[PDB]
Amino acid sequence: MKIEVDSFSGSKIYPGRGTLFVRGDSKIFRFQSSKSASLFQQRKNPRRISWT
Amino acid sequence: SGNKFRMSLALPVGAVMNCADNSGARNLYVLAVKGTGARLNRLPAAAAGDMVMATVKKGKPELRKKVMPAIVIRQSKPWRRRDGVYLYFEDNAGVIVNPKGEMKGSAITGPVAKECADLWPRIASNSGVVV
Amino acid sequence: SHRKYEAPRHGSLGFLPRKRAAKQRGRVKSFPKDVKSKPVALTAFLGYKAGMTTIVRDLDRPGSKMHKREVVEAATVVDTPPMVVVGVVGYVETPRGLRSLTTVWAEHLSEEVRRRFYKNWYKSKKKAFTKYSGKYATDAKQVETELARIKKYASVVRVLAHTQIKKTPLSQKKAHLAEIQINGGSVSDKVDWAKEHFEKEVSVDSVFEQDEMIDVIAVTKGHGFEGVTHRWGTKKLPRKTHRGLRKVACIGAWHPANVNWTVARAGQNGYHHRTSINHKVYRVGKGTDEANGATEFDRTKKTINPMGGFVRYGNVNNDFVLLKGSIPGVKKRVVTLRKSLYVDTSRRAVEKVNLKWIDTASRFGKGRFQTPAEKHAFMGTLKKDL
RNA sequence: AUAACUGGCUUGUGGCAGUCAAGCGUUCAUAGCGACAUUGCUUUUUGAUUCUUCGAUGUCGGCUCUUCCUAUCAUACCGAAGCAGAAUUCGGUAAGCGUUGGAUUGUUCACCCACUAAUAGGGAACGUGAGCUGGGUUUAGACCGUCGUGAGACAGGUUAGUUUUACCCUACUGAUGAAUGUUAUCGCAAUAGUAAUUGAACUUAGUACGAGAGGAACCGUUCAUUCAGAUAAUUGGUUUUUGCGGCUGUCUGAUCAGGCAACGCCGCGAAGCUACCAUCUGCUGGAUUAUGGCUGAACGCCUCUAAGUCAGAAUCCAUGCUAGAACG
RNA sequence: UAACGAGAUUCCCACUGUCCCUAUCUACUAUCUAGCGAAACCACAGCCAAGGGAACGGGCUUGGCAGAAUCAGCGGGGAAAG
RNA sequence: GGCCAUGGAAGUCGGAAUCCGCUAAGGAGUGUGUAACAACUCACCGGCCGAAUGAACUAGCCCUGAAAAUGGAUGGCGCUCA
RNA sequence: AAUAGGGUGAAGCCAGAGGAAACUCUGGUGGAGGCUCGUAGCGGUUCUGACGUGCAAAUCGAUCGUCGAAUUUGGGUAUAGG
Ligand SMILES: [Mg+2]
Ligand SMILES: [Mg+2]
Ligand SMILES: [Mg+2]
Ligand SMILES: [Mg+2]
Ligand SMILES: [Mg+2]
Ligand SMILES: [Mg+2]
Ligand SMILES: [Mg+2]
Ligand SMILES: [Mg+2]
Ligand SMILES: [Mg+2]
Ligand SMILES: [Mg+2]
Ligand SMILES: [Mg+2]
Ligand SMILES: [Mg+2]
Ligand SMILES: [Mg+2]
Ligand SMILES: [Mg+2]
Ligand SMILES: [Mg+2]
Ligand SMILES: [Mg+2]
Ligand SMILES: [Mg+2]
Ligand SMILES: [Mg+2]
Ligand SMILES: [Mg+2]
Ligand SMILES: [Mg+2]
Ligand SMILES: [Mg+2]
Ligand SMILES: [Mg+2]
Ligand SMILES: [Mg+2]
Ligand SMILES: [Mg+2]
Ligand SMILES: [Mg+2]
Ligand SMILES: [Mg+2]
Ligand SMILES: [Mg+2]
Ligand SMILES: [Mg+2]
Ligand SMILES: [Mg+2]
Ligand SMILES: [Mg+2]
Ligand SMILES: [Mg+2]
Ligand SMILES: [Mg+2]
Ligand SMILES: [Mg+2]
Ligand SMILES: [Mg+2]
Ligand SMILES: [Mg+2]
Ligand SMILES: [Mg+2]
Ligand SMILES: [Mg+2]
Ligand SMILES: [Mg+2]
Ligand SMILES: [Mg+2]
Ligand SMILES: [Mg+2]
Ligand SMILES: [Mg+2]
Ligand SMILES: [Mg+2]
Ligand SMILES: [Mg+2]
Ligand SMILES: [Mg+2]
Ligand SMILES: [Mg+2]
Ligand SMILES: [Mg+2]
Ligand SMILES: [Mg+2]
Ligand SMILES: [Mg+2]
Ligand SMILES: [Mg+2]
Ligand SMILES: [Mg+2]
Ligand SMILES: [Mg+2]
Ligand SMILES: [Mg+2]
Ligand SMILES: [Mg+2]
Ligand SMILES: [Mg+2]
Ligand SMILES: [Mg+2]
Ligand SMILES: [Mg+2]
Ligand SMILES: [Mg+2]
Ligand SMILES: [Mg+2]
Ligand SMILES: [Mg+2]
Ligand SMILES: [Mg+2]
Ligand SMILES: [Mg+2]
Ligand SMILES: [Mg+2]
Ligand SMILES: [Mg+2]
Ligand SMILES: [Mg+2]
Ligand SMILES: [Mg+2]
Ligand SMILES: [Mg+2]
Ligand SMILES: [Mg+2]
Ligand SMILES: [Mg+2]
Ligand SMILES: [Mg+2]
Ligand SMILES: [Mg+2]
Ligand SMILES: [Mg+2]
Ligand SMILES: [Mg+2]
Ligand SMILES: [Mg+2]
Ligand SMILES: [Mg+2]
Ligand SMILES: [Mg+2]
Ligand SMILES: [Mg+2]
Ligand SMILES: [Mg+2]
Ligand SMILES: [Mg+2]
Ligand SMILES: [Mg+2]
Ligand SMILES: [Mg+2]
Ligand SMILES: [Mg+2]
Ligand SMILES: [Mg+2]
Ligand SMILES: [Mg+2]
Ligand SMILES: [Mg+2]
Ligand SMILES: [Mg+2]
Ligand SMILES: [Mg+2]
Ligand SMILES: [Mg+2]
Ligand SMILES: [Mg+2]
Ligand SMILES: [Mg+2]
Ligand SMILES: [Mg+2]
Ligand SMILES: [Mg+2]
Ligand SMILES: [Mg+2]
Ligand SMILES: [Mg+2]
Ligand SMILES: [Mg+2]
Ligand SMILES: [Mg+2]
Ligand SMILES: [Mg+2]
Ligand SMILES: [Mg+2]
Ligand SMILES: [Mg+2]
């Protein structure tokens, strides 16, 4: 197995937890929860989110 | 030639997906799904790797106004894999094929679901990124 | 006229009436058929549904596309402290069915099982089983006589056992008392086994092994009164329907001039007695093991409990059973685990399970840590830590 | 005392099925058909009649939902062929189990597109309006065409046109409950119900079969359709957790902290609930039908049958599952 | 026939729980209580199957059966009411 | 190995024929078998046992013919030298 | 006696440009209209929504037509059953 890391908050993604997103440019994104996913969908900046 | 697990259906009858091959079509309009049994009021629906009967709504004129087979290669509705991963793509796309599963085009733009590539060797040959 | 189009019926007629269970404790309707050649062993155990978790396991299923590849599977935790044997009942074959002949009890019963026989324990003189305890007066020949009667006349022998509910986090003090049929050996062997186990604890590891297929007896989740749309899965009427749409439009033809028993009607949903079969045993954990959640690949010293405890249950500090998938009942429900009634040789039943990893993140939210040590290592020092 | 629904008699008509066998079928009546005749069945057609209802039984169709029939479209087991294989056709036991998504049309009917194992036909007051809907028909407004001197007519076209009441009895679905000395625990099981369904891929195997072209099946293995029963790990959805944050207007002199905007709006949002939008689970023995047989007379032979007897279907009865007789 | 039209009709883009296929939430009911307290309707009444019968019975005939008192829903029947 | 058809057909693919001779026995052949014969099998006559046998028709009961929708009616139970 | 707030921008008028003339063009100004969006008002399209023993013998909610004139309206007054 392999623990994955959130492409937004950096949270640890354990097997099954969270969602996975494939963008058009084939780049893969991993979100541990809907909140990190939702912020990415709203096109925020993780550099500016105070807890990421 | 394959036995893929059940996936959450993404493309009911009436859905219009993108056409991801260089056959000259830009749309693929779903009018039926291969292997759909009988259930009152239930719409046939397709997942990635499903053969579909489709028409070309937008594309070259000689591809338009005809029923032709197509295979869904990516879907934006999230579905769960046996490894527990919920994944989804940015869009729903398909490619025109034969009844044998041989593409009308020769190249594919964008990613392809591993469910589709594992099930259709002719699309795997012509496919680029496989997720 | 006929229906315009055909469709299968909504719901099963084999689970009627859709009424509340008569008791909250699920009862074993049928026990495994007795084989004399087997050793004397129990056929059931009582536990409490703690909660659900997630595991990772390598699949051994040749011909599958996931063979030798990791799969993520839902699992259920059943808190199962050892049960205490307190009694034995004999049944006789009669032309009218099995009939209980005699019940012999142990000399000493614990307080948690003696509370079973009271509705208002705190206001009582607690007189239960005192004269029976006196039946053991200095020779206990009445007990031996009843046991000899059971040995002589009984064809079915069942033990009476109760849970040790003081070992669970439940605030309920009444134990759950049940009959568990004894299989294997002669009737004399069964009676001797039952007597020698009076007031003794029997663990799950003496009844169930890992990778076994077992059945679950339980009373399902109550939902109260429910309409036809969710009780029976009928089609919702159009949005513009007068007086509402969560109905069955036609509840019968003109003739028969009655409503048929096969028509879906609104009523009470859930809290039904269910027997669910073919649940694989992924783990028989031990309460004394400090590495319940550890596997052969994840050596993290870790209990089976998620972070913050099982939601609305607490911690599983006892022996437990980790079953594949979902089982009937709610959290804190008493669950009856029964052995399988047949021999399954399918690849699913005989597969040997070796777990890779067991999820112990919090079930109370989007937990992202398996251990407080992992949490403090990820986040570092906080203000409250000084 | 009499028409326009249903219902009743009849069955001309409609539909379906037999017999006799001149012919068809390269030969060859009956593999598959079958004229001239003739015997029937059915009441999903239309007639015939006017028995019931005119102090009113709400008259089309669709949606929803249950049940029933078999004259079986598919699925099980078999017999026959002008059955080499594959395919196909006829038949037996069979209604256990399913029989779809759409364009046009108010349609029933129809026709096209497409999937599918199949997209069989019907009944239940032409099931089903105090279940809905109201597109059609069939009040009153209005237009057109034809007819009429006209008022007006049309079984012609068109457009707009109120779909009421259940709290009673029963029935259904669930829920309490007196008395069978009291109270408590664990049970037994009469009776009633019952559940699974279908497809695909790999192997067998490019094998049997076939000149070739083509081309199976059993054991086994992995998935999928339809259905069923749970469950909430995970993911998604939901937010009066008005939990946290943000925003506008105004009010409390400002700040802090707040009030109101008929939950003010926005982002996240646990818990709870929940989704083939999520996961899990859906048992194994016997007796039989058709059918193929053994021995074996009748009838010195023959003969599955007469006595006796073997195997055997998606059938049946059990196992298993639900309720537990509130007078077991 | 430009323009106009809460007029009738067909198609396209956008948008949508109309639908696949449903799920969740809020207030007010419904529900229980104190008080208050009508009406429609009513030959007698109210469990089924077949028969015959004014040819579609709750009652008749022949069978199935049948155990006090009851609560919330429901819309098959009372060829329910109006 | 009858004639003619036939690549071949000799009884057993197909057409005129359907005879004769020996026989008590035998068809220009009732089938299986051959590319074709051959082969065996039958038609009929023998040996054997030895007392009955075959065909057509008539009408009694029973069966097939004989398919519909809630579960159900020789009135019900039930009845088989009734 | 009554009729928020906007949009559009008719004649008439001022200035400039082009042209031989006949005239044309541009920027302003002005504030027309049974014009237009839309309150009050007047009306009553759709949900064939609620209700349908109602709050009501015609109401309630949203949506909607029109809204400076063939406008709305009080009071007085006239016309009376073939
Ligand atoms: Mg439909
Ligand atoms: Mg429909
Ligand atoms: Mg059915
Ligand atoms: Mg697979
Ligand atoms: Mg007590
Ligand atoms: Mg003693
Ligand atoms: Mg215990
Ligand atoms: Mg469900
Ligand atoms: Mg309505
Ligand atoms: Mg949770
Ligand atoms: Mg955590
Ligand atoms: Mg007729
Ligand atoms: Mg006829
Ligand atoms: Mg008729
Ligand atoms: Mg009449
Ligand atoms: Mg009338
Ligand atoms: Mg009347
Ligand atoms: Mg009438
Ligand atoms: Mg009526
Ligand atoms: Mg009508
Ligand atoms: Mg039949
Ligand atoms: Mg059925
Ligand atoms: Mg279909
Ligand atoms: Mg249509
Ligand atoms: Mg249509
Ligand atoms: Mg027609
Ligand atoms: Mg009627
Ligand atoms: Mg009729
Ligand atoms: Mg009708
Ligand atoms: Mg009828
Ligand atoms: Mg009705
Ligand atoms: Mg009505
Ligand atoms: Mg109707
Ligand atoms: Mg109408
Ligand atoms: Mg109408
Ligand atoms: Mg018409
Ligand atoms: Mg009119
Ligand atoms: Mg005229
Ligand atoms: Mg007309
Ligand atoms: Mg005409
Ligand atoms: Mg109108
Ligand atoms: Mg009324
Ligand atoms: Mg009592
Ligand atoms: Mg039973
Ligand atoms: Mg089915
Ligand atoms: Mg070859
Ligand atoms: Mg094998
Ligand atoms: Mg299928
Ligand atoms: Mg289900
Ligand atoms: Mg299901
Ligand atoms: Mg969520
Ligand atoms: Mg949630
Ligand atoms: Mg202050
Ligand atoms: Mg204020
Ligand atoms: Mg299964
Ligand atoms: Mg016999
Ligand atoms: Mg009884
Ligand atoms: Mg009784
Ligand atoms: Mg009884
Ligand atoms: Mg009873
Ligand atoms: Mg009882
Ligand atoms: Mg218009
Ligand atoms: Mg208009
Ligand atoms: Mg038109
Ligand atoms: Mg037109
Ligand atoms: Mg009420
Ligand atoms: Mg009161
Ligand atoms: Mg009354
Ligand atoms: Mg009855
Ligand atoms: Mg009548
Ligand atoms: Mg009756
Ligand atoms: Mg009757
Ligand atoms: Mg009556
Ligand atoms: Mg009488
Ligand atoms: Mg009587
Ligand atoms: Mg009724
Ligand atoms: Mg009434
Ligand atoms: Mg009436
Ligand atoms: Mg016979
Ligand atoms: Mg007969
Ligand atoms: Mg006699
Ligand atoms: Mg104005
Ligand atoms: Mg305009
Ligand atoms: Mg004003
Ligand atoms: Mg107004
Ligand atoms: Mg209305
Ligand atoms: Mg509304
Ligand atoms: Mg009302
Ligand atoms: Mg609204
Ligand atoms: Mg206007
Ligand atoms: Mg105006
Ligand atoms: Mg004016
Ligand atoms: Mg005036
Ligand atoms: Mg005024
Ligand atoms: Mg007059
Ligand atoms: Mg007068
Ligand atoms: Mg007068
Ligand atoms: Mg007059």
# chains A, B, ... in the order shown; residues from 1 in each chain; ligands from 1
$ residues_near_ligand --ligand "ligand 77" --cutoff "7 Å" --atoms "only C-alpha atoms (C1' of nucleotides) and all ligand atoms" --output "PDB file with N, CA, C and O atoms (P, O5', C5', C4', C3', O3' and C1' of nucleotides), in the first residue's frame"
ATOM      1  P     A D 166     -62.001  15.086   2.487  1.00  0.00           P
ATOM      2  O5'   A D 166     -62.475  13.745   3.224  1.00  0.00           O
ATOM      3  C5'   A D 166     -63.333  13.759   4.358  1.00  0.00           C
ATOM      4  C4'   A D 166     -63.647  12.359   4.851  1.00  0.00           C
ATOM      5  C3'   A D 166     -62.495  11.475   5.320  1.00  0.00           C
ATOM      6  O3'   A D 166     -62.108  11.746   6.659  1.00  0.00           O
ATOM      7  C1'   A D 166     -63.875  10.239   3.858  1.00  0.00           C
ATOM      8  P     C D 168     -63.498   7.358  11.077  1.00  0.00           P
ATOM      9  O5'   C D 168     -65.034   7.086  10.755  1.00  0.00           O
ATOM     10  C5'   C D 168     -66.052   7.347  11.705  1.00  0.00           C
ATOM     11  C4'   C D 168     -67.330   6.671  11.289  1.00  0.00           C
ATOM     12  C3'   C D 168     -67.131   5.200  10.963  1.00  0.00           C
ATOM     13  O3'   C D 168     -67.138   4.384  12.113  1.00  0.00           O
ATOM     14  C1'   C D 168     -68.424   6.221   9.263  1.00  0.00           C
TER      15        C D 168
ATOM     16  P     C E  41     -77.026  14.735   3.495  1.00  0.00           P
ATOM     17  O5'   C E  41     -76.876  13.170   3.785  1.00  0.00           O
ATOM     18  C5'   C E  41     -76.111  12.336   2.918  1.00  0.00           C
ATOM     19  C4'   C E  41     -75.594  11.102   3.625  1.00  0.00           C
ATOM     20  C3'   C E  41     -76.647  10.193   4.249  1.00  0.00           C
ATOM     21  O3'   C E  41     -77.161   9.260   3.310  1.00  0.00           O
ATOM     22  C1'   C E  41     -74.910  10.610   5.810  1.00  0.00           C
ATOM     23  P     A E  80     -71.723   3.563  -5.732  1.00  0.00           P
ATOM     24  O5'   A E  80     -71.593   4.061  -4.224  1.00  0.00           O
ATOM     25  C5'   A E  80     -72.195   3.325  -3.166  1.00  0.00           C
ATOM     26  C4'   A E  80     -72.068   4.044  -1.846  1.00  0.00           C
ATOM     27  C3'   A E  80     -72.597   5.473  -1.807  1.00  0.00           C
ATOM     28  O3'   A E  80     -73.997   5.542  -1.581  1.00  0.00           O
ATOM     29  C1'   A E  80     -70.406   5.446  -0.964  1.00  0.00           C
ATOM     30  P     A E  81     -74.857   6.740  -2.223  1.00  0.00           P
ATOM     31  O5'   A E  81     -74.234   8.043  -1.561  1.00  0.00           O
ATOM     32  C5'   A E  81     -74.475   8.367  -0.198  1.00  0.00           C
ATOM     33  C4'   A E  81     -73.938   9.738   0.114  1.00  0.00           C
ATOM     34  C3'   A E  81     -74.523  10.859  -0.724  1.00  0.00           C
ATOM     35  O3'   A E  81     -75.779  11.306  -0.240  1.00  0.00           O
ATOM     36  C1'   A E  81     -72.169  11.067  -0.653  1.00  0.00           C
TER      37        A E  81
END
$ residues_near_ligand --ligand "ligand 62" --cutoff "9 Å" --atoms "only C-alpha atoms (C1' of nucleotides) and all ligand atoms" --output "ChimeraX atom specification"
/E:5-7
$ write_last_selection --atoms "C-alpha atoms (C1' of nucleotides)" --output "PDB file, in the first residue's frame"
ATOM      1  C1'   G E   5     -50.232  40.018 -28.552  1.00  0.00           C
ATOM      2  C1'   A E   6     -50.921  36.814 -20.622  1.00  0.00           C
ATOM      3  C1'   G E   7     -53.788  34.335 -28.550  1.00  0.00           C
TER       4        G E   7
END
$ select_by_dssp --residues "chain B" --states "strand (DSSP E or B)" --output "PyMOL selection string"
chain B and resi 11-12+16-19+21+25+27-33+45-46+51-56+59+64+68-74+79-80+86-89+93-97+103+108+112+130
$ interface_residues --of "chain C" --to "chain B" --cutoff "8 Å" --atoms "only C-alpha atoms" --output "VMD selection string"
chain C and resid 5 to 7 66 70 to 73
$ interface_residues --of "chain B" --to "chain D" --cutoff "10 Å" --atoms "only C-alpha atoms (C1' of nucleotides)" --output "PyMOL selection string"
chain B and resi 1-10+13-14+31-44+52-53+67+77-80+84-87
$ residues_around --residues "residue G:42" --least-positions-apart "2" --cutoff "12 Å" --atoms "only C-alpha atoms (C1' of nucleotides)" --output "PyMOL selection string"
chain G and resi 3+40+44+65-67+71-73
$ interface_residues --of "chain C" --to "chain E" --cutoff "7 Å" --atoms "only C-alpha atoms (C1' of nucleotides)" --output "short mmCIF file (atom, residue, chain, number, x, y, z; two decimals) with N, CA and C atoms, in the first residue's frame"
data_model
loop_
_atom_site.label_atom_id
_atom_site.label_comp_id
_atom_site.auth_asym_id
_atom_site.auth_seq_id
_atom_site.Cartn_x
_atom_site.Cartn_y
_atom_site.Cartn_z
N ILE C 251 -54.51 0.92 -5.47
CA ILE C 251 -54.30 -0.05 -4.41
C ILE C 251 -55.14 -1.31 -4.61
N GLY C 252 -55.83 -1.41 -5.73
CA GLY C 252 -56.53 -2.63 -6.07
C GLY C 252 -57.48 -2.44 -7.23
N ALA C 253 -57.81 -3.53 -7.91
CA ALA C 253 -58.88 -3.43 -8.89
C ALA C 253 -60.23 -3.37 -8.17
N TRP C 254 -61.28 -3.11 -8.95
CA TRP C 254 -62.62 -3.09 -8.39
C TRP C 254 -62.97 -4.44 -7.79
N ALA C 257 -63.27 -7.11 -4.23
CA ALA C 257 -63.60 -5.86 -3.55
C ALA C 257 -62.90 -5.77 -2.20
N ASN C 258 -61.59 -5.98 -2.20
CA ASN C 258 -60.77 -5.87 -1.00
C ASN C 258 -59.37 -5.46 -1.42
N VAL C 259 -58.61 -4.97 -0.46
CA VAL C 259 -57.19 -4.69 -0.69
C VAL C 259 -56.40 -5.97 -0.47
#
$ residues_near_ligand --ligand "ligand 88" --cutoff "12 Å" --atoms "only C-alpha atoms (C1' of nucleotides) and all ligand atoms" --output "PDB file with C-alpha atoms (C1' of nucleotides), in the first residue's frame"
ATOM      1  CA  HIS C 242     -53.500  16.439  -6.222  1.00  0.00           C
ATOM      2  CA  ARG C 243     -53.346  15.557  -2.509  1.00  0.00           C
TER       3      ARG C 243
ATOM      4  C1'   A D 130     -63.514  10.576  -3.060  1.00  0.00           C
ATOM      5  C1'   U D 164     -65.918  18.362  -5.164  1.00  0.00           C
ATOM      6  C1'   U D 165     -66.307  15.278   0.252  1.00  0.00           C
ATOM      7  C1'   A D 166     -63.875  10.239   3.858  1.00  0.00           C
ATOM      8  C1'   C D 167     -63.768  11.793  10.590  1.00  0.00           C
TER       9        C D 167
ATOM     10  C1'   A G  50     -54.140  26.582  -1.923  1.00  0.00           C
ATOM     11  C1'   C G  51     -59.148  26.100  -0.300  1.00  0.00           C
ATOM     12  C1'   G G  52     -63.204  23.474  -2.146  1.00  0.00           C
ATOM     13  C1'   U G  53     -69.088  21.232   4.913  1.00  0.00           C
ATOM     14  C1'   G G  54     -63.410  27.504   2.852  1.00  0.00           C
TER      15        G G  54
END
$ residues_near_ligand --ligand "ligand 6" --cutoff "9 Å" --atoms "only C-alpha atoms (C1' of nucleotides) and all ligand atoms" --output "list in words"
residues 134, 135, 136, 137, 138, 139, 140, 141, 142, 143 and 144 of chain C
$ residues_near_ligand --ligand "ligand 53" --cutoff "9 Å" --atoms "only C-alpha atoms (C1' of nucleotides) and all ligand atoms" --output "JSON, numbers by chain"
{"D": [252, 255, 256, 257, 258]}
$ residues_near_ligand --ligand "ligand 69" --cutoff "8 Å" --atoms "only C-alpha atoms (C1' of nucleotides) and all ligand atoms" --output "PyMOL selection string"
chain E and resi 47-49+64-65
$ write_last_selection --atoms "N, CA, C and O atoms (P, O5', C5', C4', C3', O3' and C1' of nucleotides)" --output "PDB file, in the first residue's frame"
ATOM      1  P     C E  47     -69.362  -8.493   8.405  1.00  0.00           P
ATOM      2  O5'   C E  47     -68.281  -8.723   7.264  1.00  0.00           O
ATOM      3  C5'   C E  47     -67.086  -7.964   7.239  1.00  0.00           C
ATOM      4  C4'   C E  47     -65.926  -8.790   6.757  1.00  0.00           C
ATOM      5  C3'   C E  47     -66.150  -9.400   5.386  1.00  0.00           C
ATOM      6  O3'   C E  47     -65.875  -8.481   4.346  1.00  0.00           O
ATOM      7  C1'   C E  47     -65.339 -11.064   6.857  1.00  0.00           C
ATOM      8  P     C E  48     -66.346  -8.801   2.847  1.00  0.00           P
ATOM      9  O5'   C E  48     -65.315  -9.911   2.349  1.00  0.00           O
ATOM     10  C5'   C E  48     -65.631 -10.788   1.279  1.00  0.00           C
ATOM     11  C4'   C E  48     -64.742 -12.007   1.280  1.00  0.00           C
ATOM     12  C3'   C E  48     -65.073 -13.056   0.231  1.00  0.00           C
ATOM     13  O3'   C E  48     -64.481 -12.763  -1.023  1.00  0.00           O
ATOM     14  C1'   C E  48     -64.837 -14.100   2.341  1.00  0.00           C
ATOM     15  P     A E  49     -65.380 -12.604  -2.347  1.00  0.00           P
ATOM     16  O5'   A E  49     -65.393 -14.067  -2.978  1.00  0.00           O
ATOM     17  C5'   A E  49     -64.177 -14.755  -3.231  1.00  0.00           C
ATOM     18  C4'   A E  49     -64.413 -16.226  -3.463  1.00  0.00           C
ATOM     19  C3'   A E  49     -65.638 -16.582  -4.286  1.00  0.00           C
ATOM     20  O3'   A E  49     -65.417 -16.458  -5.676  1.00  0.00           O
ATOM     21  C1'   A E  49     -65.576 -17.934  -2.363  1.00  0.00           C
ATOM     22  P     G E  64     -66.566 -25.921   5.631  1.00  0.00           P
ATOM     23  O5'   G E  64     -65.431 -24.821   5.437  1.00  0.00           O
ATOM     24  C5'   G E  64     -64.509 -24.932   4.360  1.00  0.00           C
ATOM     25  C4'   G E  64     -63.756 -23.647   4.132  1.00  0.00           C
ATOM     26  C3'   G E  64     -63.135 -23.045   5.377  1.00  0.00           C
ATOM     27  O3'   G E  64     -61.915 -23.676   5.713  1.00  0.00           O
ATOM     28  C1'   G E  64     -64.237 -21.357   4.151  1.00  0.00           C
ATOM     29  P     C E  65     -61.425 -23.715   7.236  1.00  0.00           P
ATOM     30  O5'   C E  65     -60.990 -22.221   7.537  1.00  0.00           O
ATOM     31  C5'   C E  65     -61.312 -21.634   8.783  1.00  0.00           C
ATOM     32  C4'   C E  65     -62.187 -20.422   8.610  1.00  0.00           C
ATOM     33  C3'   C E  65     -62.311 -19.533   9.835  1.00  0.00           C
ATOM     34  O3'   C E  65     -61.201 -18.662   9.993  1.00  0.00           O
ATOM     35  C1'   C E  65     -64.454 -19.938   8.939  1.00  0.00           C
TER      36        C E  65
END
$ residues_near_ligand --ligand "ligand 95" --cutoff "12 Å" --atoms "only C-alpha atoms (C1' of nucleotides) and all ligand atoms" --output "ChimeraX atom specification"
/G:80-82
$ closest_residue --among "A:27, A:43, A:48, A:35" --to "residue D:270" --atoms "only C-alpha atoms (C1' of nucleotides)"
A:35
$ residues_near_ligand --ligand "ligand 9" --cutoff "12 Å" --atoms "only C-alpha atoms (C1' of nucleotides) and all ligand atoms" --output "PyMOL selection string"
(chain C and resi 238-245) or (chain D and resi 129+132-134+162-163) or (chain G and resi 47-50)
$ write_last_selection --atoms "C-alpha atoms (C1' of nucleotides)" --output "PDB file, in the first residue's frame"
ATOM      1  CA  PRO C 238     -46.051  13.073 -10.843  1.00  0.00           C
ATOM      2  CA  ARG C 239     -45.232  16.464  -9.308  1.00  0.00           C
ATOM      3  CA  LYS C 240     -48.649  17.924 -10.215  1.00  0.00           C
ATOM      4  CA  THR C 241     -50.697  15.224  -8.474  1.00  0.00           C
ATOM      5  CA  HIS C 242     -53.500  16.439  -6.222  1.00  0.00           C
ATOM      6  CA  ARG C 243     -53.346  15.557  -2.509  1.00  0.00           C
ATOM      7  CA  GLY C 244     -49.742  14.362  -2.802  1.00  0.00           C
ATOM      8  CA  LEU C 245     -47.416  12.103  -4.725  1.00  0.00           C
TER       9      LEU C 245
ATOM     10  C1'   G D 129     -60.858   9.783 -11.708  1.00  0.00           C
ATOM     11  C1'   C D 132     -53.947  11.573 -10.299  1.00  0.00           C
ATOM     12  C1'   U D 133     -53.993  13.921 -15.110  1.00  0.00           C
ATOM     13  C1'   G D 134     -57.647  16.162 -18.425  1.00  0.00           C
ATOM     14  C1'   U D 162     -64.412  24.832 -12.294  1.00  0.00           C
ATOM     15  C1'   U D 163     -62.194  17.246 -12.161  1.00  0.00           C
TER      16        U D 163
ATOM     17  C1'   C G  47     -50.078  27.033 -11.604  1.00  0.00           C
ATOM     18  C1'   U G  48     -55.979  23.877 -14.548  1.00  0.00           C
ATOM     19  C1'   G G  49     -51.398  25.869  -6.912  1.00  0.00           C
ATOM     20  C1'   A G  50     -54.140  26.582  -1.923  1.00  0.00           C
TER      21        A G  50
END
$ residues_near_ligand --ligand "ligand 81" --cutoff "12 Å" --atoms "only C-alpha atoms (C1' of nucleotides) and all ligand atoms" --output "list in words"
residues 79, 81 and 82 of chain F
$ residues_near_ligand --ligand "ligand 91" --cutoff "9 Å" --atoms "only C-alpha atoms (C1' of nucleotides) and all ligand atoms" --output "number ranges by chain"
G: 34-36, 66-69
$ residues_near_ligand --ligand "ligand 94" --cutoff "8 Å" --atoms "only C-alpha atoms (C1' of nucleotides) and all ligand atoms" --output "PyMOL selection string"
chain G and resi 1-2+73-74
$ select_by_dssp --residues "chain A" --states "alpha helix (DSSP H)" --output "list in words"
residues 34, 35, 36, 37, 38, 39, 40 and 41 of chain A
$ interface_residues --of "chain A" --to "chain B" --cutoff "8 Å" --atoms "only C-alpha atoms" --output "list in words"
residues 15, 16, 17, 18, 19, 20, 21, 22, 23, 24, 25 and 26 of chain A
$ residues_near_ligand --ligand "ligand 46" --cutoff "12 Å" --atoms "only C-alpha atoms (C1' of nucleotides) and all ligand atoms" --output "PDB file with C-alpha atoms (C1' of nucleotides), in the first residue's frame"
ATOM      1  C1'   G D 206     -10.391 -23.260 -33.559  1.00  0.00           C
ATOM      2  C1'   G D 210     -17.337 -30.413 -41.622  1.00  0.00           C
ATOM      3  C1'   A D 211     -14.280 -31.101 -48.560  1.00  0.00           C
ATOM      4  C1'   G D 212     -14.097 -26.317 -47.177  1.00  0.00           C
ATOM      5  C1'   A D 213     -16.652 -22.226 -45.619  1.00  0.00           C
ATOM      6  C1'   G D 214     -17.423 -22.340 -41.044  1.00  0.00           C
ATOM      7  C1'   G D 215     -17.826 -24.221 -35.944  1.00  0.00           C
TER       8        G D 215
END
